[PDB]
Amino acid sequence: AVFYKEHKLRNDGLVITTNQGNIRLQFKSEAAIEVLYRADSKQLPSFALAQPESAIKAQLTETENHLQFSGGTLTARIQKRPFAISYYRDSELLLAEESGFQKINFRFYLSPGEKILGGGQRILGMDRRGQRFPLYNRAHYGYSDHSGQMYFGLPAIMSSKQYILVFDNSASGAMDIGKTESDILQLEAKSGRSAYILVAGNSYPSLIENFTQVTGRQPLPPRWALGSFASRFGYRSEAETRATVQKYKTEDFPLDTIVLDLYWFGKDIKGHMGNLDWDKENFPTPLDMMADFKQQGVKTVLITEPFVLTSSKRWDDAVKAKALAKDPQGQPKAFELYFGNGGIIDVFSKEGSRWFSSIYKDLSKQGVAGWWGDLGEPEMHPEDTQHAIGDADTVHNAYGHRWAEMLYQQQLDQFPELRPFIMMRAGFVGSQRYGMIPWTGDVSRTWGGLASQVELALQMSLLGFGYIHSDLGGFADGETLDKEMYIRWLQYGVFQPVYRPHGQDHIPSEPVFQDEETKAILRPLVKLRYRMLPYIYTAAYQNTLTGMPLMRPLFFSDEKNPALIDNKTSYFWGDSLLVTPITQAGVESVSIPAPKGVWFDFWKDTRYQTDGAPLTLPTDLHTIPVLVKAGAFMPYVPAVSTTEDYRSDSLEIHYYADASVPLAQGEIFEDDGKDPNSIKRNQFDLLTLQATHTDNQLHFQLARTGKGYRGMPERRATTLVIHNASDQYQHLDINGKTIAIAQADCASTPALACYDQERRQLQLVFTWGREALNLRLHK
Ligand SMILES: *[C@@H]1[C@@H](N)[C@H](CO)[C@@H](O)[C@H](O)[C@H]1O
């Protein structure tokens with residue numbers, strides 16, 4: 001039995017005393033509240049909150065039976081007897097405690113019909129209601145089509161009632177989403193912080209904006225993160241690494257970054273981890289190697305791990321420095337990993353952080369451009385291991401998160417004018433604020449492994465991680481390449497956040513090591529990825545601004561149709577492309593559940609209209625099915641080998657016209673690709689395009705804002721291609737100057753305006769300078 005006794009307001013926070021102790025409620029924004037039970041006791045701080053100390057001004061009202069604590073949009077309604085808190089946005093009940101706070105236990109009611117996304121990486125179905133699973137980051141080597149527990153869990157859910165609930169607790173725990181008791185959501189942990197955070201929104205985009213406002217917004221990654229990565233487990237030598245960079249050049253595939261797995265520090269998988277320094281028998285001139293790659297516009301990224309083995313060169317030093325987690329006796333804790341006997345660097349301590357950070361600094365001075373942190377679950381984490389702030393089981397799910405923070409802060413301190421690249425397997429809610437770019441681990445080389453990636457990506461995207469991606473082509477096991485699967489995976493790759501084929505090196509992961517047919521298929525697609533950089537980089541910009549994920553679920557298309565939540569087969573890549581990956585062999589056609597409206601075949605320009613019924617498209621080996629939304633502006637630049645050469649002096653923009661879309665907007669975000677302060681300081685060039693489409697006219701208004709940046713082109717040569725253009729436009733005005741529209745020979749003359757009757761495309765070619773430009777087509 002729990003009941004209200006009294007309350008106090010203190011520095012904008014409500015402190016309630018029950019018969020069981022104190023509860024502290026603080027609004028972290030108008031739409032988000034932190035609820036801390038056992039508020040009187042000492043416990044671990046928040047990990048989920050970007051500004052854990054903030055408490056914005058709320059209003060408090062009291063009645064006989066209730067308190068009401070209310071920000072702008074979110075209200076907490078506190079029933080006195082029995083004690084229970086429930087949460088309202090407007091007057092809509094979002095979530096109600098059942099027995100609430102009970103070794104740490106939170107129980108809430110679930111509503112009938114309520115669908116619950118969440119839990120981070122699981123392969124269970126998009127709606128996790130009916131499931132129970134651990135909150136314990138753990139490897140799932142070789143997974144395919146099912147997992148209740150893998151590398152990067154999140155103690156958070158997103159409901160069809162448009163709230164996000166975070167269990168702000170780092171410890172070994174569990175989530176029971178109406179499994180044991182059909183109407184009960186239960187959150188449990190062995191130890192750690194007894195708090196939860198509730199965030200509300202009026203739409204899924206606004207909920208996500210509100211969530212990232214309080215948990216952290218991802219800083220814009222360097223533009224090179226959107227390029228082509230060469231990766232395998234693993235390049236065995238400098239000569240092999242150099243030969244791979246060379247193979248990209250001689251096979252004419254784009255390449256931005258090469259990634260070195262654990263052989264850079266020793267010739268065997270076992271026994272060297274912790275060396276954190278070059279194996280000179282196999283990498284004899286690594287500074288020359290990295291400099292030579294930089295001359296070709298290619299970055300070098302190295303793997304690191306949490307573990308220092310007793311057989312490694314840095315064991316004695318790590319012990320001397322007190323850098324490793326300890327046992328209860330105060331000795332360094334050593335335990336038997338696959339790699340040999342070793343300890344774990346205590347990133348929660350001053351000593352471990354300073355020691356590890358010094359190593360990163362040194363290697364980064366040598367030329368390393370970015371960092372890969374593998375095994376941060378931590379993959380092995382014995383229970384008696386003691387960290388500076390608590391035991392292994394208490395801190396487990398925040399280890400990777402703190403490791404990202406340490407490395408992020410380090411990289412900002414060393415290179416304040418560059419954007420850190422930090423790729424890691426395990427984190428916590430909020431890790432995106434340290435730039436964490438996660439991948440879905442050691443996926444099997446099976447169609448099932450591919451078929452799960454959209455579900456995983458959407459689940460992580462929705463709760464903060466825009467750059468979630470997979471090892472393209474698959475990672476684990478296999479004896480010979482499954483060519484069709486590989487092709488499908490690298491096709492899908494183009495339309496998901498990071499283009500990083502990677503796998504165990506008994507089968508080649510890089511597209512340049514494939515047969516002639518595979519390359520003929522993939523080469524134009526990897527170039528397409530580069531041609532599309534203005535589209536992808538603009539979605540990245542919007543992710544930094546608002547948390548809007550790059551991949552969006554089909555359910556965003558109609559928020560009143562909760563049945564769409566189950567879809568894990570078609571997704572939006574940015575605003576305009578509906579993508580349906582092919583995830584089994586031999587598929588001859590697909591049924592695409594396109595939202596009602598007008599849609600075009602990206603590859604063939606075919607126009608489809610639908611009032612609700614799915615569209616059936618045939619498949620081919622060369623592409624995967626992609627539809628463009630009517631009203632899309634699709635921006636392209638010419639293909640480059642590396643983003644170091646990126647220019648937008650030449651722009652090509654495809655507008656998909658249909659009378660059903662009388663107003664359309666597009667934007668292109670351009671900056672120097674590298675300045676971490678470009679957004680904050682307005683050192684960018686934001687191009688805007690507006691189309692107004694009426695019965696007799698099609699009008700485009702073009703403009704630029706921002707203060708620009710060094711090297712920004714003043715005038716861009718622009719080709720605007722209008723798809724599904726009326727054959728009845730007779731003239732064009734460009735800023736009031738009338739230009740005749742040619743009706744022949746458009747591909748074969750330097751025409752300023754020409755209509756291609758066979759393709760229904762109207763091409764305009766002009767100069768887009770700094771002043772506003774209006775293009776008016778008239779019947
Ligand atoms: C971690 C390890 N299992 C591999 C060896 O370092 C990597 O190649 C893999 O991508 C990671 O998940």
# chains A, B, ... in the order shown; residues from 1 in each chain; ligands from 1
$ residues_around --residues "residue 470 (chain A)" --least-positions-apart "5" --cutoff "7 Å" --atoms "only C-alpha atoms" --output "list in words"
residues 439, 440 and 453 of chain A
$ select_by_dssp --residues "region 158-319 of chain A" --states "strand (DSSP E)" --output "ChimeraX atom specification"
/A:158-159,163-167,173-177,184-189,195-200,229-230,257-260,299-304,307-309
$ write_last_selection --atoms "N, CA, C and O atoms" --output "compact mmCIF listing (two decimals), in the first residue's frame"
# COMPACT_ATOMS: atom_id res chain seq x y z
N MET A 158 8.12 3.21 -27.82
CA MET A 158 7.30 4.20 -28.52
C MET A 158 5.92 3.58 -28.72
O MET A 158 5.82 2.49 -29.28
N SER A 159 4.88 4.28 -28.28
CA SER A 159 3.52 3.79 -28.36
C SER A 159 2.73 4.42 -29.49
O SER A 159 2.97 5.57 -29.86
N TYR A 163 3.57 8.53 -27.35
CA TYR A 163 4.54 8.88 -26.32
C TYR A 163 5.76 7.96 -26.43
O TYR A 163 5.71 6.89 -27.07
N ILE A 164 6.86 8.42 -25.86
CA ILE A 164 8.03 7.60 -25.67
C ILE A 164 8.25 7.53 -24.17
O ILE A 164 8.16 8.57 -23.47
N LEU A 165 8.50 6.31 -23.68
CA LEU A 165 8.81 6.04 -22.26
C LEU A 165 10.25 5.52 -22.18
O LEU A 165 10.61 4.55 -22.88
N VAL A 166 11.07 6.15 -21.35
CA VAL A 166 12.43 5.69 -21.15
C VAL A 166 12.62 5.22 -19.71
O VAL A 166 12.29 5.95 -18.78
N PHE A 167 13.16 4.02 -19.54
CA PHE A 167 13.61 3.54 -18.24
C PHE A 167 15.07 3.97 -18.12
O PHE A 167 15.97 3.41 -18.79
N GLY A 173 18.55 -5.84 -16.56
CA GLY A 173 17.13 -5.70 -16.32
C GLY A 173 16.26 -6.44 -17.31
O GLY A 173 16.70 -7.41 -17.94
N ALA A 174 15.00 -6.04 -17.40
CA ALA A 174 14.03 -6.70 -18.30
C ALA A 174 12.86 -5.78 -18.62
O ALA A 174 12.54 -4.89 -17.84
N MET A 175 12.23 -6.02 -19.77
CA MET A 175 11.00 -5.38 -20.15
C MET A 175 9.94 -6.45 -20.50
O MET A 175 10.21 -7.38 -21.26
N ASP A 176 8.76 -6.32 -19.92
CA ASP A 176 7.66 -7.27 -20.13
C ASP A 176 6.53 -6.42 -20.70
O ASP A 176 5.91 -5.64 -19.99
N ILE A 177 6.33 -6.49 -22.02
CA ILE A 177 5.35 -5.62 -22.66
C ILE A 177 4.01 -6.35 -22.84
O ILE A 177 3.64 -6.79 -23.94
N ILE A 184 -0.43 -5.23 -18.68
CA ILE A 184 0.64 -4.63 -17.87
C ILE A 184 1.98 -4.54 -18.61
O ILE A 184 2.48 -5.54 -19.14
N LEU A 185 2.54 -3.33 -18.62
CA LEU A 185 3.92 -3.07 -19.01
C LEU A 185 4.76 -3.08 -17.73
O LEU A 185 4.52 -2.26 -16.86
N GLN A 186 5.73 -3.98 -17.63
CA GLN A 186 6.61 -4.04 -16.46
C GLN A 186 8.05 -3.78 -16.89
O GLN A 186 8.52 -4.36 -17.88
N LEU A 187 8.72 -2.89 -16.17
CA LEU A 187 10.14 -2.59 -16.36
C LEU A 187 10.87 -3.06 -15.08
O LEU A 187 10.40 -2.74 -14.00
N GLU A 188 11.97 -3.80 -15.21
CA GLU A 188 12.71 -4.31 -14.03
C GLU A 188 14.20 -4.14 -14.19
O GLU A 188 14.71 -4.21 -15.30
N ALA A 189 14.89 -3.94 -13.07
CA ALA A 189 16.34 -3.96 -13.03
C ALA A 189 16.85 -4.50 -11.70
O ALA A 189 16.17 -4.39 -10.70
N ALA A 195 14.32 5.61 -12.10
CA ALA A 195 13.68 6.73 -12.76
C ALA A 195 13.14 6.34 -14.14
O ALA A 195 13.65 5.40 -14.79
N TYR A 196 12.11 7.06 -14.58
CA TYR A 196 11.66 6.98 -15.94
C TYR A 196 11.36 8.36 -16.47
O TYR A 196 11.20 9.31 -15.69
N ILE A 197 11.38 8.46 -17.80
CA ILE A 197 11.13 9.70 -18.51
C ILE A 197 9.98 9.42 -19.48
O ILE A 197 10.03 8.43 -20.23
N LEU A 198 8.99 10.32 -19.49
CA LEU A 198 7.87 10.25 -20.43
C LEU A 198 7.92 11.47 -21.34
O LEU A 198 7.98 12.58 -20.86
N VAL A 199 7.91 11.23 -22.65
CA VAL A 199 7.93 12.30 -23.65
C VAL A 199 6.70 12.15 -24.50
O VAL A 199 6.41 11.05 -24.98
N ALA A 200 6.01 13.26 -24.74
CA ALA A 200 4.82 13.27 -25.59
C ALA A 200 5.03 14.07 -26.87
O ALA A 200 5.97 14.84 -26.98
N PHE A 229 32.63 2.76 -48.07
CA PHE A 229 33.66 2.18 -47.19
C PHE A 229 34.19 0.85 -47.75
O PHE A 229 33.42 -0.02 -48.16
N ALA A 230 35.50 0.69 -47.72
CA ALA A 230 36.13 -0.59 -47.94
C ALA A 230 36.33 -1.22 -46.56
O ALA A 230 37.00 -0.64 -45.68
N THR A 257 36.66 5.72 -47.53
CA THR A 257 37.25 5.31 -46.25
C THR A 257 37.56 3.82 -46.31
O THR A 257 36.72 3.02 -46.80
N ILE A 258 38.74 3.47 -45.81
CA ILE A 258 39.10 2.08 -45.59
C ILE A 258 39.19 1.82 -44.10
O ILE A 258 39.66 2.68 -43.33
N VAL A 259 38.71 0.64 -43.71
CA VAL A 259 38.52 0.28 -42.30
C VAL A 259 39.41 -0.90 -41.97
O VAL A 259 39.33 -1.93 -42.64
N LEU A 260 40.23 -0.76 -40.91
CA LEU A 260 41.17 -1.80 -40.53
C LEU A 260 40.70 -2.50 -39.25
O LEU A 260 40.57 -1.85 -38.17
N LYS A 299 40.18 8.10 -46.28
CA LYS A 299 40.37 8.14 -44.82
C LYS A 299 40.68 6.75 -44.29
O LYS A 299 40.27 5.73 -44.90
N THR A 300 41.36 6.71 -43.14
CA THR A 300 41.66 5.43 -42.46
C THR A 300 40.94 5.40 -41.12
O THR A 300 41.05 6.35 -40.31
N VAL A 301 40.24 4.30 -40.86
CA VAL A 301 39.53 4.09 -39.62
C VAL A 301 40.09 2.80 -38.99
O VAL A 301 40.26 1.78 -39.68
N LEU A 302 40.40 2.86 -37.69
CA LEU A 302 40.88 1.68 -36.96
C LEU A 302 39.88 1.15 -35.91
O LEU A 302 39.23 1.90 -35.20
N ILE A 303 39.88 -0.17 -35.75
CA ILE A 303 39.15 -0.84 -34.68
C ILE A 303 39.90 -0.72 -33.34
O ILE A 303 41.13 -0.73 -33.27
N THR A 304 39.12 -0.60 -32.29
CA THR A 304 39.60 -0.64 -30.92
C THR A 304 38.54 -1.42 -30.16
O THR A 304 37.41 -1.57 -30.63
N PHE A 307 38.98 -4.30 -24.15
CA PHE A 307 39.74 -5.28 -23.41
C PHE A 307 41.23 -5.16 -23.63
O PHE A 307 41.69 -4.91 -24.73
N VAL A 308 42.00 -5.32 -22.57
CA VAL A 308 43.44 -5.38 -22.61
C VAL A 308 43.83 -6.73 -22.08
O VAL A 308 43.61 -7.02 -20.89
N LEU A 309 44.43 -7.55 -22.93
CA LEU A 309 44.85 -8.89 -22.53
C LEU A 309 46.14 -8.88 -21.73
O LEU A 309 47.00 -8.01 -21.92
$ residues_near_ligand --ligand "ligand 1" --cutoff "8 Å" --atoms "only C-alpha atoms and all ligand atoms" --output "ChimeraX atom specification"
/A:141,232-234,261-262,303,374-375,425,441-442,471,475,502-504
$ residues_around --residues "residue 61 (chain A)" --least-positions-apart "4" --cutoff "12 Å" --atoms "only C-alpha atoms" --output "list in words"
residues 7, 9, 14, 65, 66, 67, 68, 69, 70, 71, 75, 76, 77 and 78 of chain A
$ write_last_selection --atoms "C-alpha atoms" --output "short mmCIF file (atom, residue, chain, number, x, y, z; two decimals), in the first residue's frame"
data_model
loop_
_atom_site.label_atom_id
_atom_site.label_comp_id
_atom_site.auth_asym_id
_atom_site.auth_seq_id
_atom_site.Cartn_x
_atom_site.Cartn_y
_atom_site.Cartn_z
CA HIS A 7 4.54 17.74 -1.31
CA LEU A 9 7.94 22.74 -4.85
CA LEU A 14 7.79 18.73 -7.43
CA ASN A 65 -7.83 13.52 -4.34
CA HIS A 66 -5.25 14.76 -6.91
CA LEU A 67 -2.24 16.90 -7.74
CA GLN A 68 -1.68 18.11 -11.31
CA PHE A 69 1.81 19.06 -12.49
CA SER A 70 1.73 20.54 -15.92
CA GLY A 71 4.17 21.85 -18.57
CA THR A 75 0.51 16.88 -17.63
CA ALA A 76 1.15 14.47 -14.79
CA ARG A 77 -2.01 13.62 -12.81
CA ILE A 78 -1.10 12.32 -9.35
#
$ atom_distance --atom1 "CA of residue 549 (chain A)" --atom2 "CA of residue 563 (chain A)"
20.8 Å
$ atom_distance --atom1 "CA of residue 698 (chain A)" --atom2 "CA of residue 729 (chain A)"
8.8 Å
$ residues_around --residues "residue 2 (chain A)" --least-positions-apart "5" --cutoff "12 Å" --atoms "only C-alpha atoms" --output "ChimeraX atom specification"
/A:17-22,79-85,98-102
$ closest_residue --among "A:118, A:457, A:587, A:778" --to "residue 153 (chain A)" --atoms "only C-alpha atoms"
A:118
$ closest_residue --among "A:327, A:667, A:455, A:611" --to "residue 574 (chain A)" --atoms "only C-alpha atoms"
A:667
$ closest_residue --among "A:594, A:630, A:290, A:702" --to "residue 660 (chain A)" --atoms "only C-alpha atoms"
A:630
$ closest_residue --among "A:776, A:5, A:760, A:523" --to "residue 700 (chain A)" --atoms "only C-alpha atoms"
A:776
$ residues_around --residues "residue 194 (chain A)" --least-positions-apart "6" --cutoff "9 Å" --atoms "only C-alpha atoms" --output "list in words"
residues 35, 36, 37, 38, 39, 43, 44, 101, 104, 105, 106, 167, 168 and 169 of chain A
$ select_by_dssp --residues "region 159-337 of chain A" --states "helix (DSSP H, G or I)" --output "PyMOL selection string"
chain A and resi 204-215+223-226+238-250+262-264+286-295+315-320
$ closest_residue --among "A:243, A:388, A:150, A:578" --to "residue 124 (chain A)" --atoms "only C-alpha atoms"
A:150
$ residues_around --residues "residue 488 (chain A)" --least-positions-apart "4" --cutoff "8 Å" --atoms "only C-alpha atoms" --output "PDB file with C-alpha atoms, in the first residue's frame"
ATOM      1  CA  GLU A 484      22.001 -13.022 -55.420  1.00  0.00           C
ATOM      2  CA  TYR A 492      19.378  -2.052 -50.319  1.00  0.00           C
ATOM      3  CA  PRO A 581      14.055  -4.316 -50.459  1.00  0.00           C
ATOM      4  CA  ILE A 582      14.007  -7.745 -52.024  1.00  0.00           C
ATOM      5  CA  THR A 583      14.780 -10.170 -49.210  1.00  0.00           C
ATOM      6  CA  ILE A 624      15.196  -3.093 -56.161  1.00  0.00           C
TER       7      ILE A 624
END
$ residues_around --residues "region 205-207 of chain A" --least-positions-apart "3" --cutoff "10 Å" --atoms "only C-alpha atoms" --output "PyMOL selection string"
chain A and resi 31-32+158+162-164+199-202+210-213+462+546-549+552+556
